[PDB]
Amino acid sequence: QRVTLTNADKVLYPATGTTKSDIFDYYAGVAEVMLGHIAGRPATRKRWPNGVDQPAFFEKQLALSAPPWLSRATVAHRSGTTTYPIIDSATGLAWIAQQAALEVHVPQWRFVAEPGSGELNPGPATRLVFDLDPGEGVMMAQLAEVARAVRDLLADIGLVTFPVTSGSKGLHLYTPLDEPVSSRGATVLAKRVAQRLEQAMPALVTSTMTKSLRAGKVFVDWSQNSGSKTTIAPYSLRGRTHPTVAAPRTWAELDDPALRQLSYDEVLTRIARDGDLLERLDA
């Protein structure tokens, strides 16, 4: 119900002196605007128990010693079943904080309660996600040009798109689906989009991961809309040198030549001032 934060004031990002208490407050701070974008969704963690200079690990399976109040659901998986935790409460974030789970990864679908059994099973996709990964020697304007064009192609079928600077290198774009659709269809559509863009912008865009083909291109990754993939949640910290955030931005911001990744402190100032840019993303 509450999480007892141990190892407080212990540094996680050595380069900025960011403490485990700093993390706790951050997630408490962005709890309001972050929750609606991850509730209902299985939450993949990446964990740096011993700081950002120390070995990390990905974790999907939830520990059987993990708190009993954490909402949970399982997914039949190739090799075995996986029981995921759903983070859906300021209390859930506090756990993320103490678990040292700097990053929170979710897919673009939620669980749905079954008719008779009421079982929590994987539901349709409620939003699309695109991952724009600037390759060898790609500058901000080209990356933004590409991002605007993706927005254009989605605008062309009456959809709206929201820019999220991942805190890493990639720009993530999300589009809410007012009528949800299977993961497969959502992947058909993100793929059509990618491909179409790659057609119209051969020298500036690739729709494929093939690394040899990336130099000088923005890889428009449409595949993470796969039912079985994951994307770093908005408002989530990263595990890098500095403590940067998958921070929601405005389209005007992208027109900035010197545009940069946003820090946790900056994100907070901007929430209190304006609120959730992604508010319309999960009504």
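We number the residues from 1 along the sequence you see.
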Mean B factor on CA atoms, stretches 117-125 and 138-146, record says higher is 117-125
Between 127-135 and 90-98, the record assigns the higher mean Cα B factor to 90-98
Per the deposited entry, the peak Cα B-factor within the set 71, 212, 183, 207 goes to 71
Top Cα B-factor in this entry, restricted to 192, 105, 110, 77, sits on 77
Residue 43: C-alpha B-factor third of its chain, per the entry, is the middle
The third of the chain into which the C-alpha temperature factor of residue 26 falls is the highest
Tertile call for residue 218 (CA temperature factor, within chain, third-based) is the lowest
Sorting the chain's modelled residues by C-alpha B-factor and splitting them into thirds places residue 36 in the middle
On the chain's distribution of Cα B-factors, residue 55 falls within the third called highest
